[PDB]
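**Student:** My questions will all concern the structure given below.
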Amino acid sequence: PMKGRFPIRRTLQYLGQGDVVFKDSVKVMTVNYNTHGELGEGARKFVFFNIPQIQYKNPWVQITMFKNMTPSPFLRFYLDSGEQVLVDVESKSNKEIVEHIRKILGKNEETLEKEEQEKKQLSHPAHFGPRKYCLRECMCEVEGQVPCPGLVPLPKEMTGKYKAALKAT
Amino acid sequence: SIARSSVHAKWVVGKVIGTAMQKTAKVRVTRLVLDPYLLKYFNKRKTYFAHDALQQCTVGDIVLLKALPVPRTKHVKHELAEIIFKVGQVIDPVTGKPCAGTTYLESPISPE
Amino acid sequence: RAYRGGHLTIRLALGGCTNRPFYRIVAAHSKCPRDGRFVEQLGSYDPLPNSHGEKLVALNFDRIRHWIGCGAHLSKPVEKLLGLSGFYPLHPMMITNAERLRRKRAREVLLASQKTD
Amino acid sequence: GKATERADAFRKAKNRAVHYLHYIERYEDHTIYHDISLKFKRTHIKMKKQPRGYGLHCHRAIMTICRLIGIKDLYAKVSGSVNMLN
Amino acid sequence: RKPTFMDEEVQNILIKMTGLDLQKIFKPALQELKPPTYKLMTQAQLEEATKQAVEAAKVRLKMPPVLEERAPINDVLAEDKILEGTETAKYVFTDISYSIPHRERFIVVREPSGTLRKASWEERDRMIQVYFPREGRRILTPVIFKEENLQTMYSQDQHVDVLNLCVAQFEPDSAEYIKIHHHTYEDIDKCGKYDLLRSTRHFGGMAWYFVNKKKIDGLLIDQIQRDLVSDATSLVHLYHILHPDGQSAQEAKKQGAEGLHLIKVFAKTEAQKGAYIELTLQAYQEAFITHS
RNA sequence: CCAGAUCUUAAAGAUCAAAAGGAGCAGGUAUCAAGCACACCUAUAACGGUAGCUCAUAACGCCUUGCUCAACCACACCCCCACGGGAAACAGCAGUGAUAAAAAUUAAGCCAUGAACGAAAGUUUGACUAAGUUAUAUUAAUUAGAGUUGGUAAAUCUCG
Ligand SMILES: [Mg+2]
Ligand SMILES: [Mg+2]
Ligand SMILES: [Mg+2]
Ligand SMILES: [Mg+2]
Ligand SMILES: [Mg+2]
Ligand SMILES: [Mg+2]
Ligand SMILES: [Mg+2]
Ligand SMILES: [Mg+2]
Ligand SMILES: [Mg+2]
Ligand SMILES: [Mg+2]
Ligand SMILES: [Mg+2]
Ligand SMILES: [Mg+2]
Ligand SMILES: [Mg+2]
Ligand SMILES: [Mg+2]
Ligand SMILES: [Mg+2]
Ligand SMILES: [Zn+2]
């Protein structure tokens, strides 16, 4: 996409590939940063680059920014318990902030893989139905079985027409 | 242990729009929503009424809302939990010191 | 859709194409359409004997007994299928029809040796 | 090349063409090296470098020229003015 | 404690004799192509990428298991005489549950005769395929494994591909899997074609086969003419492990044989062709010593 | 988020889920720009009190419209509803008038699945099953006719 300063961050791929997934305790994340100062720098790049990634993977978490309130950059996390995590980001890099947040309330790669494992056992291989939900529709299409007569017309005997015309006479 | 609210909004944080009604703050909450065509994030805003017991709220204060277990009215589903930033009087959560904008009002390195 | 009453049930949905039937064993609400919406798919049964002369039945046993355990009801043909599998005792009606069949074979045997004379 | 008679212009443009030759570097002698995008006057050509099997998917003029160069696998979309000389 | 194919000794010997040829391991494949990618590397980063590639090629090399043949299943769970004439066909009941290991699923069969039995092996596998299909398996056994087609494929020297079809199609403890792997090995031995399986994941297979059938001739001769003697000696070493008591293995304990001399030991005591072995060992030794 | 109904069982479960809700998404039209009571408190549930609430991030209107489809939403002659009132109902299967450019059988069975009821053998079911009709579409062969021939765009000769 042409317009913008760093167009690659408007791409579905870029948004996908960010990895942070909050624990379910996290409701609100609040960023407070400054528009000036060298120290503030990292926080700014965080809002510019990762906040989009983060949000995309945690669509239910309110993220909110505030500019030039406090003399120093920070994050605040509001949890469901009422607990409040306060993360001072000062001379920290963009990357360091993402890593430190992933450490505090993330989800271990174990957790994420278990979850996706529970989602992949949802569509069972041996079922039958619409292409959307299943690998096969009729059993007309499994190798050894009897084929869909819309392909290979049946032997006259298996036809109900023939059976009926037999019982009649 | 059952106390719940059917709302998705269990905790929110927002600005105080107006105080005009008795004991009730109007609060603008803002979220990031991803415009599908441009894949970009913009701020959608929504208002919430919140119950203010002591009428503590000036206009402009950043504030935190908790969802009320039993709705006080049709429009009031939240109670005001904390005042996160009083308007124009802000105590830095990091260093615990009074500040006006980006300036320290009382320096944190001068304890005595 | 919202119904007045009716129970959870394990039945056969009929999929297939004219003259070539096929069945999806299914846990569904009772009052909903045969081929329609269901709660969970349980198995499949293919009535037509295949290349090897087998009728293929598939049963998700774990889930089947999960639902029976919630008090779902079985259809007479699902009953007949489980019974055939050996997961349920034979259904009395299978046994009885077997006997009737035997007596028909008997009377046709006698009628055959009576007509031959 | 340009003349009153068609035959004449044909001759002229042939014999003249042989005087302006380019060398086109071919990767592995089928594709180009890397993706190309150019805006020449009002014409935008955009080409992409393909793998071995994907033959010549291009404006018909570009396919002609490619076949003459030896470029066998390519993808190019032209936008803006399709004027032939440009 | 009879040595098994998964014993770290035999695994290491075979991994070694296999060899890593990164050009054969990773070879252009006939799948749909997508344009290549380019990055700019140091000498360092290039060495790293190569080492990662090597570790990947290890996983690509992981040997398909070898098992002895499975025992025929015959078990009747019940007999209901009453059902006897009621059906012309057999019902086949397959437990399908997503959690269960495929060796633990229940596959049951009601016959027309009325007896309810466990499914045979072949029925079982065919059935699992029907309800849990995994690419590369046909339910009906493919034409290619008849002797004719197989011979044709050996003559175009596809032996690697045959082995791979086979690993996909059949089960490693099956009758057919074993039949076809052994018939194939037999053919690479008749023709001296051993190098076809060299950097393949299938090498240790014909290793372990030829050891246990006691034909090491062809593979020793081959290995030496390729000027790999570290491998020929690893091979006779292996032969000794899997035949602890035998005249060669014992005489190698007596004479205290070094590797090349080990191959000489084996050449004397056991191997069916000692003439070719001694001659090739001669040629290798002499020619190599004079050249280097 | 679930009241309720139903099934099972003591309970606990489970299936369908009304009402109530809202993170987000959701037809056209701004020449529809304001709506006109649309808010809150108090507390006892009332008296009373503040003067609010929605809206250019589209309120309030007007037009068009089933749908995001293992399905969902809505309707069931009309008067959104159905006490009442018009009035005497196929938007069940077949049929038929009218109407439209638009044309399937006033057919056979409960033998299979489903549903209802029965303790049960079983009965019923225009669901449905098997058939009838139709070049609407695919496929298979037994079947040759239509369109086109200035350029785009495959293909022309002589007459009028
Ligand atoms: Mg049909
Ligand atoms: Mg309930
Ligand atoms: Mg509901
Ligand atoms: Mg309409
Ligand atoms: Mg109505
Ligand atoms: Mg009507
Ligand atoms: Mg009505
Ligand atoms: Mg009708
Ligand atoms: Mg009616
Ligand atoms: Mg008519
Ligand atoms: Mg029509
Ligand atoms: Mg007509
Ligand atoms: Mg019936
Ligand atoms: Mg019946
Ligand atoms: Mg009838
Ligand atoms: Zn079919």
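Naming works like this for the structure tokens: A, B, ... for the chains as they're shown, residue 1 at the start of each chain, ligands 1 onward in shown order.
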Around ligand 16, at most 10 Å away and counting only C-alpha atoms (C1' of nucleotides) and all ligand atoms, which residues are there? Put them as a list in words, please.
**Tutor:** residues 137, 138, 139, 140, 141, 146, 147, 148, 149, 150 and 151 of chain A; 15, 16, 17, 18, 19, 20, 21 and 22 of chain C
**Student:** Neighbours of segment 12-15 of chain F within 7 Å (only C-alpha atoms (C1' of nucleotides); same-chain residues fewer than 2 positions away dropped), as a list in words?
**Tutor:** residues 7, 8, 29 and 70 of chain C
**Student:** Quick one: residues within 10 Å of ligand 4, with only C-alpha atoms (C1' of nucleotides) and all ligand atoms, as an NGL selection string?
**Tutor:** :F and (64-66)
**Student:** If you keep N, CA and C atoms (P, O5', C5', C4', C3', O3' and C1' of nucleotides), can you produce a file of those selected residues as a PDB file, in the first residue's frame?
**Tutor:**
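Saved result, again_9.pdb, follows:
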ATOM      1  P     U F  64     -39.635   2.081  -1.462  1.00  0.00           P
ATOM      2  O5'   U F  64     -38.466   1.014  -1.642  1.00  0.00           O
ATOM      3  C5'   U F  64     -37.709   1.009  -2.840  1.00  0.00           C
ATOM      4  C4'   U F  64     -36.421   0.249  -2.694  1.00  0.00           C
ATOM      5  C3'   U F  64     -36.530  -1.166  -2.158  1.00  0.00           C
ATOM      6  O3'   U F  64     -36.988  -2.108  -3.117  1.00  0.00           O
ATOM      7  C1'   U F  64     -34.793  -0.064  -1.031  1.00  0.00           C
ATOM      8  P     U F  65     -37.967  -3.304  -2.662  1.00  0.00           P
ATOM      9  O5'   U F  65     -37.052  -4.192  -1.712  1.00  0.00           O
ATOM     10  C5'   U F  65     -35.854  -4.750  -2.222  1.00  0.00           C
ATOM     11  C4'   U F  65     -34.983  -5.304  -1.129  1.00  0.00           C
ATOM     12  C3'   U F  65     -35.561  -6.445  -0.325  1.00  0.00           C
ATOM     13  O3'   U F  65     -35.551  -7.668  -1.048  1.00  0.00           O
ATOM     14  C1'   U F  65     -34.379  -4.954   1.088  1.00  0.00           C
ATOM     15  P     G F  66     -36.761  -8.722  -0.907  1.00  0.00           P
ATOM     16  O5'   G F  66     -36.390  -9.537   0.409  1.00  0.00           O
ATOM     17  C5'   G F  66     -35.156 -10.232   0.512  1.00  0.00           C
ATOM     18  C4'   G F  66     -34.631 -10.189   1.924  1.00  0.00           C
ATOM     19  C3'   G F  66     -33.263 -10.804   2.141  1.00  0.00           C
ATOM     20  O3'   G F  66     -32.213  -9.932   1.766  1.00  0.00           O
ATOM     21  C1'   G F  66     -34.726 -11.570   3.814  1.00  0.00           C
TER      22        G F  66
END
**Student:** Show me, as a CSV table (one decimal) with C-alpha atoms, in the first residue's frame, the residues that have an atom within 7 Å of residue 67 of chain B when counting only C-alpha atoms (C1' of nucleotides), minus same-chain residues fewer than 6 positions from it.
**Tutor:**
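Just written: around-v7.csv:
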chain,number,residue,atom,x,y,z
B,5,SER,CA,-22.5,-8.1,34.7
B,9,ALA,CA,-17.1,-3.8,29.2
B,10,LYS,CA,-16.0,-5.1,32.6
B,11,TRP,CA,-13.2,-2.6,32.9
B,77,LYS,CA,-24.0,0.2,33.8
B,78,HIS,CA,-20.8,1.3,35.4
B,79,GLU,CA,-19.5,2.7,38.6
**Student:** Just want the residues within 12 Å of ligand 9, written as a PyMOL selection string, counting only C-alpha atoms (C1' of nucleotides) and all ligand atoms.
**Tutor:** chain F and resi 76-77+89-93
**Student:** Those residues you just picked out, can you put them in a file as a PDB file, in the first residue's frame with N, CA, C and O atoms (P, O5', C5', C4', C3', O3' and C1' of nucleotides)?
**Tutor:**
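The resulting file, result_25.pdb, is reproduced below:
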ATOM      1  P     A F  76     -48.709 -13.480  11.009  1.00  0.00           P
ATOM      2  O5'   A F  76     -49.214 -14.722  10.171  1.00  0.00           O
ATOM      3  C5'   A F  76     -49.724 -14.525   8.864  1.00  0.00           C
ATOM      4  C4'   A F  76     -50.113 -15.833   8.244  1.00  0.00           C
ATOM      5  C3'   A F  76     -51.086 -16.668   9.082  1.00  0.00           C
ATOM      6  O3'   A F  76     -51.960 -17.390   8.208  1.00  0.00           O
ATOM      7  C1'   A F  76     -49.166 -17.917   8.641  1.00  0.00           C
ATOM      8  P     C F  77     -53.557 -17.191   8.268  1.00  0.00           P
ATOM      9  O5'   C F  77     -53.830 -16.009   7.239  1.00  0.00           O
ATOM     10  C5'   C F  77     -53.258 -16.051   5.939  1.00  0.00           C
ATOM     11  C4'   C F  77     -53.902 -15.046   5.020  1.00  0.00           C
ATOM     12  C3'   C F  77     -53.938 -13.614   5.536  1.00  0.00           C
ATOM     13  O3'   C F  77     -52.734 -12.915   5.247  1.00  0.00           O
ATOM     14  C1'   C F  77     -56.097 -14.246   4.808  1.00  0.00           C
ATOM     15  P     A F  89     -62.514 -20.013   2.957  1.00  0.00           P
ATOM     16  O5'   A F  89     -61.432 -19.185   2.119  1.00  0.00           O
ATOM     17  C5'   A F  89     -60.299 -19.820   1.521  1.00  0.00           C
ATOM     18  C4'   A F  89     -59.035 -19.001   1.689  1.00  0.00           C
ATOM     19  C3'   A F  89     -57.875 -19.743   2.346  1.00  0.00           C
ATOM     20  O3'   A F  89     -56.644 -19.186   1.891  1.00  0.00           O
ATOM     21  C1'   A F  89     -58.536 -17.945   3.729  1.00  0.00           C
ATOM     22  P     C F  90     -55.896 -19.793   0.604  1.00  0.00           P
ATOM     23  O5'   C F  90     -54.622 -20.507   1.220  1.00  0.00           O
ATOM     24  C5'   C F  90     -54.689 -21.869   1.609  1.00  0.00           C
ATOM     25  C4'   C F  90     -53.571 -22.661   0.990  1.00  0.00           C
ATOM     26  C3'   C F  90     -53.085 -22.129  -0.356  1.00  0.00           C
ATOM     27  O3'   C F  90     -52.006 -21.222  -0.188  1.00  0.00           O
ATOM     28  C1'   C F  90     -53.671 -24.416  -0.553  1.00  0.00           C
ATOM     29  P     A F  91     -51.770 -19.968  -1.170  1.00  0.00           P
ATOM     30  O5'   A F  91     -50.207 -19.685  -1.028  1.00  0.00           O
ATOM     31  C5'   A F  91     -49.231 -20.690  -1.314  1.00  0.00           C
ATOM     32  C4'   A F  91     -48.159 -20.717  -0.253  1.00  0.00           C
ATOM     33  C3'   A F  91     -48.651 -21.057   1.150  1.00  0.00           C
ATOM     34  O3'   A F  91     -48.642 -22.464   1.370  1.00  0.00           O
ATOM     35  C1'   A F  91     -47.390 -19.047   1.208  1.00  0.00           C
ATOM     36  P     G F  92     -49.279 -23.139   2.685  1.00  0.00           P
ATOM     37  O5'   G F  92     -48.331 -24.368   2.919  1.00  0.00           O
ATOM     38  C5'   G F  92     -47.914 -25.121   1.808  1.00  0.00           C
ATOM     39  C4'   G F  92     -47.590 -26.524   2.213  1.00  0.00           C
ATOM     40  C3'   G F  92     -47.639 -27.527   1.082  1.00  0.00           C
ATOM     41  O3'   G F  92     -46.416 -27.602   0.390  1.00  0.00           O
ATOM     42  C1'   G F  92     -48.937 -28.301   2.880  1.00  0.00           C
ATOM     43  P     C F  93     -46.407 -27.486  -1.205  1.00  0.00           P
ATOM     44  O5'   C F  93     -46.988 -28.882  -1.671  1.00  0.00           O
ATOM     45  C5'   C F  93     -46.402 -30.065  -1.194  1.00  0.00           C
ATOM     46  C4'   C F  93     -47.048 -31.260  -1.810  1.00  0.00           C
ATOM     47  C3'   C F  93     -47.407 -31.128  -3.270  1.00  0.00           C
ATOM     48  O3'   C F  93     -46.298 -31.374  -4.105  1.00  0.00           O
ATOM     49  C1'   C F  93     -49.212 -32.077  -2.078  1.00  0.00           C
TER      50        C F  93
END
**Student:** Would you name the residues within 12 Å of ligand 3, counting only C-alpha atoms (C1' of nucleotides) and all ligand atoms, and put them as a VMD selection string?
**Tutor:** (chain C and resid 1 to 2) or (chain F and resid 1 to 4 16 to 21)
**Student:** Which residue, A:89, A:26, A:97, A:122, has the smallest gap to chain E when you use only C-alpha atoms?
**Tutor:** A:122
**Student:** Quick one: everything within 12 Å of residue 56 of chain C, counting only C-alpha atoms (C1' of nucleotides), minus sequence neighbours fewer than 4 positions away in the same chain. Send it as a PyMOL selection string.
**Tutor:** (chain A and resi 139+142+144-146) or (chain C and resi 22-24+43-52+81+85) or (chain E and resi 89-95+107-110+123+126-128+130-131)
**Student:** Quick one: residues within 9 Å of segment 35-39 of chain F, only C-alpha atoms (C1' of nucleotides), excluding same-chain residues fewer than 6 positions away - as an MDAnalysis selection string?
**Tutor:** (chainID B and resid 21) or (chainID F and resid 51:55 59:60)
**Student:** Please return, as number ranges by chain, all residues of chain F lying within 12 Å of chain C when only C-alpha atoms (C1' of nucleotides) are considered.
**Tutor:** F: 4-9, 12-18, 69-73, 112-116, 120-121, 127-131
**Student:** Taking the DSSP secondary structure from the backbone, can you list the residues of segment 16-69 of chain C that are strand (DSSP E), as a PyMOL selection string?
**Tutor:** chain C and resi 16-17+20-29+40-46+54-59
**Student:** Can you pull out every residue with an atom within 12 Å of ligand 15? Use only C-alpha atoms (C1' of nucleotides) and all ligand atoms and format it as a ChimeraX atom specification.
**Tutor:** /F:93-94,107-110,124-128
**Student:** Just the residues within 8 Å of residue 80 of chain C, please, counting only C-alpha atoms (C1' of nucleotides), with nothing from its chain fewer than 2 positions along; format it as a PyMOL selection string.
**Tutor:** chain C and resi 76-78+82-84+90-91+94
**Student:** Take the selection from the previous step and output its residues with N, CA, C and O atoms, as a tab-separated table (two decimals), in the first residue's frame.
**Tutor:**
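Result file follows (selection_36.tsv):
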chain	number	residue	atom	x	y	z
C	76	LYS	N	-34.66	-46.67	16.61
C	76	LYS	CA	-34.67	-48.11	16.44
C	76	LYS	C	-33.54	-48.60	15.52
C	76	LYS	O	-32.88	-49.59	15.83
C	77	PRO	N	-33.29	-47.92	14.39
C	77	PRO	CA	-32.17	-48.43	13.59
C	77	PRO	C	-30.78	-48.19	14.18
C	77	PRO	O	-29.89	-49.02	13.96
C	78	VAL	N	-30.58	-47.11	14.94
C	78	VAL	CA	-29.29	-46.91	15.61
C	78	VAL	C	-29.10	-47.98	16.67
C	78	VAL	O	-28.01	-48.50	16.86
C	82	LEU	N	-25.79	-50.37	16.91
C	82	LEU	CA	-25.02	-50.60	18.12
C	82	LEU	C	-25.06	-52.05	18.54
C	82	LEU	O	-24.03	-52.64	18.87
C	83	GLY	N	-26.26	-52.62	18.55
C	83	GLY	CA	-26.42	-54.01	18.93
C	83	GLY	C	-25.61	-54.92	18.04
C	83	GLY	O	-24.88	-55.77	18.52
C	84	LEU	N	-25.72	-54.71	16.73
C	84	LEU	CA	-24.91	-55.45	15.79
C	84	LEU	C	-23.43	-55.33	16.09
C	84	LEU	O	-22.68	-56.30	15.99
C	90	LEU	N	-28.16	-57.37	21.75
C	90	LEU	CA	-29.03	-57.44	20.59
C	90	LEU	C	-30.40	-56.81	20.92
C	90	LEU	O	-30.92	-56.98	22.02
C	91	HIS	N	-30.96	-56.05	19.98
C	91	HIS	CA	-32.31	-55.52	20.16
C	91	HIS	C	-33.31	-56.65	19.92
C	91	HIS	O	-33.23	-57.33	18.89
C	94	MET	N	-34.49	-57.57	16.57
C	94	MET	CA	-33.57	-58.25	15.67
C	94	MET	C	-33.72	-59.76	15.79
C	94	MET	O	-33.84	-60.49	14.79
**Student:** Would you compute the distance between atom CA of residue 3 of chain E and atom CA of residue 242 of chain E? Give it in Å to one decimal.
**Tutor:** 6.3 Å
**Student:** Between F:75, F:111, F:11, F:102, single out the one closest to ligand 14, counting only C-alpha atoms (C1' of nucleotides) and all ligand atoms.
**Tutor:** F:111
